[PDB]
Every structure is written in structure tokens, then in C-alpha cells.
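Dropping structure_12.cif in here (mmCIF, C-alpha atoms; chains and numbers go by the auth columns):
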data_coords
#
loop_
_atom_site.group_PDB
_atom_site.id
_atom_site.type_symbol
_atom_site.label_atom_id
_atom_site.label_comp_id
_atom_site.label_asym_id
_atom_site.label_seq_id
_atom_site.Cartn_x
_atom_site.Cartn_y
_atom_site.Cartn_z
_atom_site.B_iso_or_equiv
_atom_site.auth_seq_id
_atom_site.auth_asym_id
ATOM 1 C CA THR A 1 -18.368 3.376 5.667 0.00 7 Q
ATOM 2 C CA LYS A 2 -16.969 6.131 7.938 0.00 8 Q
ATOM 3 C CA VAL A 3 -13.592 6.148 9.773 0.00 9 Q
ATOM 4 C CA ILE A 4 -12.004 8.600 12.279 0.00 10 Q
ATOM 5 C CA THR A 5 -8.305 7.762 12.475 0.00 11 Q
ATOM 6 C CA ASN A 6 -5.930 7.843 15.359 0.00 12 Q
ATOM 7 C CA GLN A 7 -2.797 9.812 14.627 0.00 13 Q
ATOM 8 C CA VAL A 8 -1.613 9.791 11.048 0.00 14 Q
ATOM 9 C CA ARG A 9 0.815 11.799 9.029 0.00 15 Q
ATOM 10 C CA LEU A 10 -0.306 13.982 6.134 0.00 16 Q
ATOM 11 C CA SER A 11 1.524 14.307 2.894 0.00 17 Q
ATOM 12 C CA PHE A 12 0.667 15.851 -0.560 0.00 18 Q
ATOM 13 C CA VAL A 13 -1.456 18.294 1.383 0.00 19 Q
ATOM 14 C CA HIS A 14 -4.092 20.235 -0.573 0.00 20 Q
ATOM 15 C CA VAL A 15 -6.775 20.755 2.043 0.00 21 Q
ATOM 16 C CA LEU A 16 -6.929 24.581 2.145 0.00 22 Q
ATOM 17 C CA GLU A 17 -7.091 25.166 -1.558 0.00 23 Q
ATOM 18 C CA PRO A 18 -8.044 22.680 -4.261 0.00 24 Q
ATOM 19 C CA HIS A 19 -5.523 21.253 -6.665 0.00 25 Q
ATOM 20 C CA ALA A 20 -5.699 19.427 -10.028 0.00 26 Q
ATOM 21 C CA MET A 21 -4.041 16.036 -9.793 0.00 27 Q
ATOM 22 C CA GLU A 22 -3.495 16.009 -13.604 0.00 28 Q
ATOM 23 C CA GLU A 23 -3.813 18.670 -16.307 0.00 29 Q
ATOM 24 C CA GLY A 24 -7.455 19.135 -17.531 0.00 30 Q
ATOM 25 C CA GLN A 25 -8.976 17.515 -14.407 0.00 31 Q
ATOM 26 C CA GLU A 26 -11.264 19.179 -11.905 0.00 32 Q
ATOM 27 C CA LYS A 27 -9.401 20.757 -8.977 0.00 33 Q
ATOM 28 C CA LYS A 28 -10.076 18.968 -5.673 0.00 34 Q
ATOM 29 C CA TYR A 29 -9.143 19.043 -2.044 0.00 35 Q
ATOM 30 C CA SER A 30 -6.956 16.039 -1.070 0.00 36 Q
ATOM 31 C CA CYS A 31 -4.191 14.653 1.087 0.00 37 Q
ATOM 32 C CA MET A 32 -2.333 11.339 1.663 0.00 38 Q
ATOM 33 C CA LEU A 33 -2.738 9.775 5.088 0.00 39 Q
ATOM 34 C CA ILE A 34 0.188 7.651 6.266 0.00 40 Q
ATOM 35 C CA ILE A 35 -0.903 5.197 8.887 0.00 41 Q
ATOM 36 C CA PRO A 36 1.602 3.278 11.104 0.00 42 Q
ATOM 37 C CA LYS A 37 1.134 -0.516 10.733 0.00 43 Q
ATOM 38 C CA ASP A 38 1.220 -0.571 14.616 0.00 44 Q
ATOM 39 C CA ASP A 39 -2.299 0.907 14.524 0.00 45 Q
ATOM 40 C CA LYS A 40 -4.442 -2.184 14.306 0.00 46 Q
ATOM 41 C CA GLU A 41 -7.429 -0.149 15.547 0.00 47 Q
ATOM 42 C CA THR A 42 -7.429 2.308 12.601 0.00 48 Q
ATOM 43 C CA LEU A 43 -6.551 -0.357 10.002 0.00 49 Q
ATOM 44 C CA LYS A 44 -9.278 -2.730 11.226 0.00 50 Q
ATOM 45 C CA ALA A 45 -11.783 0.080 11.118 0.00 51 Q
ATOM 46 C CA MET A 46 -10.650 0.791 7.538 0.00 52 Q
ATOM 47 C CA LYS A 47 -10.926 -2.891 6.684 0.00 53 Q
ATOM 48 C CA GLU A 48 -14.431 -2.990 8.132 0.00 54 Q
ATOM 49 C CA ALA A 49 -15.532 0.152 6.379 0.00 55 Q
ATOM 50 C CA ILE A 50 -14.195 -1.167 3.077 0.00 56 Q
ATOM 51 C CA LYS A 51 -16.172 -4.405 3.652 0.00 57 Q
ATOM 52 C CA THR A 52 -19.384 -2.503 4.287 0.00 58 Q
ATOM 53 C CA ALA A 53 -18.919 -0.371 1.147 0.00 59 Q
ATOM 54 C CA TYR A 54 -18.391 -3.650 -0.870 0.00 60 Q
ATOM 55 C CA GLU A 55 -21.457 -5.240 0.874 0.00 61 Q
ATOM 56 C CA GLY A 56 -23.765 -2.360 0.102 0.00 62 Q
ATOM 57 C CA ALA A 57 -22.804 -2.339 -3.601 0.00 63 Q
ATOM 58 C CA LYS A 58 -15.912 -10.509 -6.352 0.00 72 Q
ATOM 59 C CA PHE A 59 -14.370 -9.515 -2.989 0.00 73 Q
ATOM 60 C CA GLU A 60 -10.983 -11.206 -3.041 0.00 74 Q
ATOM 61 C CA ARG A 61 -10.409 -9.349 -6.347 0.00 75 Q
ATOM 62 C CA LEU A 62 -11.642 -6.013 -4.889 0.00 76 Q
ATOM 63 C CA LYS A 63 -9.595 -2.949 -5.915 0.00 77 Q
ATOM 64 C CA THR A 64 -9.033 -0.506 -3.111 0.00 78 Q
ATOM 65 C CA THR A 65 -6.819 2.589 -2.436 0.00 79 Q
ATOM 66 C CA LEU A 66 -5.310 1.476 0.878 0.00 80 Q
ATOM 67 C CA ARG A 67 -1.655 0.829 0.110 0.00 81 Q
ATOM 68 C CA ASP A 68 1.383 -0.669 1.743 0.00 82 Q
ATOM 69 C CA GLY A 69 4.253 1.793 2.203 0.00 83 Q
ATOM 70 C CA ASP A 70 7.028 -0.805 2.604 0.00 84 Q
ATOM 71 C CA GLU A 71 5.910 -2.761 -0.411 0.00 85 Q
ATOM 72 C CA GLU A 72 5.226 0.119 -2.771 0.00 86 Q
ATOM 73 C CA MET A 73 7.803 2.752 -1.774 0.00 87 Q
ATOM 74 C CA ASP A 74 11.566 2.810 -1.357 0.00 88 Q
ATOM 75 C CA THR A 75 11.708 3.700 2.318 0.00 89 Q
ATOM 76 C CA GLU A 76 15.373 4.746 2.188 0.00 90 Q
ATOM 77 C CA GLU A 77 14.385 7.438 -0.380 0.00 91 Q
ATOM 78 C CA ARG A 78 11.075 8.110 1.454 0.00 92 Q
ATOM 79 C CA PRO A 79 11.347 7.059 5.069 0.00 93 Q
ATOM 80 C CA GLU A 80 7.957 8.561 5.986 0.00 94 Q
ATOM 81 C CA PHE A 81 6.507 5.347 4.469 0.00 95 Q
ATOM 82 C CA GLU A 82 8.543 2.983 6.644 0.00 96 Q
ATOM 83 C CA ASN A 83 6.292 0.467 8.277 0.00 97 Q
ATOM 84 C CA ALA A 84 3.162 2.286 7.206 0.00 98 Q
ATOM 85 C CA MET A 85 0.110 1.919 5.044 0.00 99 Q
ATOM 86 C CA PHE A 86 -1.093 4.941 3.025 0.00 100 Q
ATOM 87 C CA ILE A 87 -4.189 6.255 1.334 0.00 101 Q
ATOM 88 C CA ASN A 88 -4.938 9.259 -0.868 0.00 102 Q
ATOM 89 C CA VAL A 89 -8.239 10.865 0.023 0.00 103 Q
ATOM 90 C CA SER A 90 -10.083 13.509 -1.881 0.00 104 Q
ATOM 91 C CA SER A 91 -13.092 15.836 -1.634 0.00 105 Q
ATOM 92 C CA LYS A 92 -14.830 18.023 -4.144 0.00 106 Q
ATOM 93 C CA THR A 93 -16.003 20.327 -1.375 0.00 107 Q
ATOM 94 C CA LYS A 94 -13.824 22.034 1.183 0.00 108 Q
ATOM 95 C CA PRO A 95 -13.126 19.983 4.291 0.00 109 Q
ATOM 96 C CA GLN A 96 -13.083 21.556 7.695 0.00 110 Q
ATOM 97 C CA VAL A 97 -9.564 21.878 9.016 0.00 111 Q
ATOM 98 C CA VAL A 98 -9.176 22.609 12.722 0.00 112 Q
ATOM 99 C CA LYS A 99 -6.823 22.550 15.653 0.00 113 Q
ATOM 100 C CA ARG A 100 -7.238 22.437 19.474 0.00 114 Q
ATOM 101 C CA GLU A 101 -6.726 25.708 21.289 0.00 115 Q
ATOM 102 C CA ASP A 102 -7.500 25.755 25.030 0.00 116 Q
ATOM 103 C CA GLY A 103 -9.215 22.480 24.493 0.00 117 Q
ATOM 104 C CA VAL A 104 -11.665 23.888 21.881 0.00 118 Q
ATOM 105 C CA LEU A 105 -11.500 23.272 18.109 0.00 119 Q
ATOM 106 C CA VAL A 106 -11.030 26.169 15.833 0.00 120 Q
ATOM 107 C CA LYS A 107 -10.407 26.465 12.148 0.00 121 Q
ATOM 108 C CA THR A 108 -6.939 27.110 10.933 0.00 122 Q
ATOM 109 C CA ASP A 109 -5.534 27.948 7.523 0.00 123 Q
ATOM 110 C CA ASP A 110 -2.052 28.658 8.807 0.00 124 Q
ATOM 111 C CA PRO A 111 0.461 26.998 6.438 0.00 125 Q
ATOM 112 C CA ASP A 112 2.628 26.532 9.499 0.00 126 Q
ATOM 113 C CA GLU A 113 -0.101 24.387 11.150 0.00 127 Q
ATOM 114 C CA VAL A 114 -1.346 22.633 8.001 0.00 128 Q
ATOM 115 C CA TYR A 115 1.478 21.233 5.879 0.00 129 Q
ATOM 116 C CA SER A 116 2.931 18.118 4.306 0.00 130 Q
ATOM 117 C CA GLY A 117 4.508 16.235 7.110 0.00 131 Q
ATOM 118 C CA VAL A 118 2.174 17.409 9.868 0.00 132 Q
ATOM 119 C CA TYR A 119 0.527 14.817 12.155 0.00 133 Q
ATOM 120 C CA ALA A 120 -3.273 14.872 12.316 0.00 134 Q
ATOM 121 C CA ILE A 121 -6.523 13.048 12.976 0.00 135 Q
ATOM 122 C CA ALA A 122 -8.670 12.614 9.867 0.00 136 Q
ATOM 123 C CA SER A 123 -12.206 11.599 9.118 0.00 137 Q
ATOM 124 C CA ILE A 124 -12.879 9.853 5.870 0.00 138 Q
ATOM 125 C CA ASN A 125 -15.639 7.871 4.299 0.00 139 Q
ATOM 126 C CA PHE A 126 -15.307 4.791 2.129 0.00 140 Q
ATOM 127 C CA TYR A 127 -17.520 4.180 -0.897 0.00 141 Q
ATOM 128 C CA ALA A 128 -17.761 2.137 -4.085 0.00 142 Q
ATOM 129 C CA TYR A 129 -16.836 3.698 -7.500 0.00 143 Q
ATOM 130 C CA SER A 130 -17.148 2.718 -11.253 0.00 144 Q
ATOM 131 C CA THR A 131 -15.490 5.066 -13.842 0.00 145 Q
ATOM 132 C CA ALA A 132 -15.088 4.003 -17.455 0.00 146 Q
ATOM 133 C CA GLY A 133 -15.278 0.468 -16.011 0.00 147 Q
ATOM 134 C CA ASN A 134 -12.696 1.304 -13.315 0.00 148 Q
ATOM 135 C CA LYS A 135 -14.335 -0.368 -10.341 0.00 149 Q
ATOM 136 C CA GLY A 136 -13.569 -0.633 -6.610 0.00 150 Q
ATOM 137 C CA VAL A 137 -13.698 1.020 -3.162 0.00 151 Q
ATOM 138 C CA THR A 138 -12.132 4.364 -2.372 0.00 152 Q
ATOM 139 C CA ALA A 139 -12.316 6.936 0.363 0.00 153 Q
ATOM 140 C CA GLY A 140 -13.411 10.515 0.531 0.00 154 Q
ATOM 141 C CA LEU A 141 -11.966 13.105 2.826 0.00 155 Q
ATOM 142 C CA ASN A 142 -14.325 14.720 5.387 0.00 156 Q
ATOM 143 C CA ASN A 143 -12.355 16.773 7.900 0.00 157 Q
ATOM 144 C CA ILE A 144 -8.909 17.199 9.423 0.00 158 Q
ATOM 145 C CA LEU A 145 -7.667 17.929 12.969 0.00 159 Q
ATOM 146 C CA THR A 146 -4.112 19.101 12.707 0.00 160 Q
ATOM 147 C CA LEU A 147 -1.985 18.312 15.771 0.00 161 Q
ATOM 148 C CA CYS A 148 0.453 21.031 14.710 0.00 162 Q
ATOM 149 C CA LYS A 149 3.603 18.948 14.929 0.00 163 Q
ATOM 150 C CA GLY A 150 5.865 16.997 12.640 0.00 164 Q
ATOM 151 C CA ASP A 151 8.688 17.825 10.293 0.00 165 Q
ATOM 152 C CA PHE A 152 8.033 19.250 6.912 0.00 166 Q
ATOM 153 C CA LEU A 153 7.989 16.753 4.063 0.00 167 Q
ATOM 154 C CA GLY A 154 9.535 18.684 1.231 0.00 168 Q
ATOM 155 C CA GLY A 155 9.143 18.093 -2.447 0.00 169 Q
ATOM 156 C CA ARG A 156 12.176 16.469 -3.941 0.00 170 Q
ATOM 157 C CA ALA A 157 12.204 15.875 -7.691 0.00 171 Q
ATOM 158 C CA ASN A 158 13.446 12.605 -9.078 0.00 172 Q
ATOM 159 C CA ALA A 159 16.356 11.864 -11.309 0.00 173 Q
ATOM 160 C CA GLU A 160 14.170 11.366 -14.423 0.00 174 Q
ATOM 161 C CA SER A 161 12.865 14.840 -13.718 0.00 175 Q
ATOM 162 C CA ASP A 162 16.293 16.444 -13.018 0.00 176 Q
ATOM 163 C CA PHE A 163 18.216 14.770 -15.770 0.00 177 Q
ATOM 164 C CA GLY A 164 15.691 13.518 -18.367 0.00 178 Q
ATOM 165 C CA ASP A 165 16.005 16.238 -21.043 0.00 179 Q
ATOM 166 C CA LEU A 166 19.870 16.305 -20.719 0.00 180 Q
#
What is this structure when it is put down as C-alpha cells?
Amino acid sequence: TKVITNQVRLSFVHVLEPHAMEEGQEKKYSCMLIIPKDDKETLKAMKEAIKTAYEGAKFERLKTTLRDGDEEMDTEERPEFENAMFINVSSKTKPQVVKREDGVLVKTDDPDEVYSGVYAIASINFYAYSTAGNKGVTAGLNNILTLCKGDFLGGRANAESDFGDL
């Protein structure tokens, strides 16, 4: 079940303080990992973990949270997804978030080191769910190593948002 990625890019970053996805829900810690499709190693490991979660709990019809950037996103609007897979990972408890300093790991909560767009190594853990007969395999967030580089991925609201009322 458990994967330690190579380099990925973080987006929708809520690892330092928890956030409610939707109104009324429990606040959680979460982020999106964007994984280059070049990274067979990480994606195979994910595949294998997903398999194991399924094993331990009809496969071809198995719902999972590992998604295809090029297929699901418009990569001219959102180029961070170009040629990438992506996965939203969540944790009810606070993950450890660290960086390397003089070769040792220390915690950081600097918003300049931990931000949407930053590159990182992440540990996650896949597991089976079943919620109001919503069934499948998902992944929990464990910890993050921020590599303290990458351009900021800023929120941009959509047209329906900007223009929808009038």
C-alpha cells in the first residue's frame, strides 16, 4: 500500500493547516500531487500499491483517484498538468513537512518553502474505501519533503465564477 514518490509538483496545498473541501465537511490536510508521465518508477509503484489495496479488500471496474492530466484538464489553461498524472491526497492528522538543510531534515512551515507549485517528495498510502456505497481505492497523505523550488501556482477563477451573476 505505501509509496514514496520521486519528484512531484504540489498544487491545492493545505498541508500546514487543514481546510474544508466543501461547506459542512470536516477540515483536513491535503494536496494534489502532479506526477510526470516520464516517471514510470513512481507510477508503477502506485499501480502496484493500488493492486495490493484491491487484493487485500471487480478489478477492471475499480474506481481510483489517480488521474490523467492531459485527458482531464485543458493544458493550455493549466499547463502544470501537461503530460502528467495527478492525485489528490488527504489526511485527517497533520503530516510532517520538512526540508533538507545541511543534509539534515527539518520541519518547515514557511509559506515561501511550502506552496502551490513547489516541487517535493511525498509519501502516501493507498487503501480501499466504501462511503454511502461509493467504493474504490484512494490514497492518504503521510509526509512531505519540500525541495523549495518551483513557480507559484496561483488561483485563477473561471469565467462562470467571474461572469455568472452578470
Open item on the list: Let me make sure I understand: among Q:7, Q:13, Q:160, Q:79, which one has the smallest atom-to-atom distance to residue Q:130 if we use all atoms listed in the file?
Closed with: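 Of the candidates, the smallest distance to residue Q:130 is held by Q:160.
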If we count only C-alpha atoms and set the cut-off at 7 Å, which residues sit around stretch 49-60 of chain Q, ignoring sequence neighbours fewer than 3 positions away in its own chain? Please answer as a tab-separated table (two decimals) with C-alpha atoms, in the frame of the given file.
chain	number	residue	atom	x	y	z
Q	7	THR	CA	-18.37	3.38	5.67
Q	8	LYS	CA	-16.97	6.13	7.94
Q	9	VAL	CA	-13.59	6.15	9.77
Q	45	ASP	CA	-2.30	0.91	14.52
Q	46	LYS	CA	-4.44	-2.18	14.31
Q	63	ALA	CA	-22.80	-2.34	-3.60
Q	140	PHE	CA	-15.31	4.79	2.13
Q	141	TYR	CA	-17.52	4.18	-0.90
Q	142	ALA	CA	-17.76	2.14	-4.08
Q	151	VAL	CA	-13.70	1.02	-3.16
TODO: Calculate how many Å separate atom CA of residue Q:78 from atom CA of residue Q:144, rounding to one decimal.
DONE: 11.9 Å
Open item on the list: Give me, as a list in words, all polymer residues having an atom no more than 8 Å from residue Q:17, counting all atoms listed in the file and skipping those fewer than 4 positions away in the same chain.
Closed with: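 Once the nearby chain positions are removed, what remains is residues 37, 38, 39, 40, 129, 130, 131, 132 and 167 of chain Q.
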- [ ] Take atom CA of residue Q:33 and atom CA of residue Q:20 and report the distance between them in Å, one decimal.
- [x]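 Atom-to-atom, atom CA of residue Q:33 and atom CA of residue Q:20 are spaced 10.0 Å apart.
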Task: stretch 101-103 of chain Q environment, 12 Å, only C-alpha atoms, sequence neighbours closer than 5 positions dropped, as a PyMOL selection string - done: chain Q and resi 11+14-21+27+34-42+49+52+78-83+86+95+109+136-141+151-158
TODO: Would you please work out which residue, of Q:99, Q:88, Q:134, Q:43, is nearest to residue Q:163 when using all atoms listed in the file?
DONE: Q:134
Open item on the list: Rounded to one decimal, what separation in Å do you get between atom CA of residue Q:127 and atom CA of residue Q:87?
Closed with: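 It comes out at 26.4 Å.
Among the candidate residues Q:85, Q:23, Q:32, Q:169, the one lying nearest to residue Q:111 is Q:23, with distances computed using only C-alpha atoms.
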Task: Minimum-distance residue to residue Q:77, chosen among Q:164, Q:150, Q:178, Q:125 (using only C-alpha atoms) - done: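 Answer, going by the shortest atom-to-atom distance: Q:150.
Shortest atom-to-atom contact with residue Q:170 among Q:30, Q:143, Q:114, Q:91: Q:91, counting only C-alpha atoms.
Minimum distance to residue Q:159 across Q:26, Q:76, Q:98, Q:118 (counting all atoms listed in the file) occurs at Q:118.
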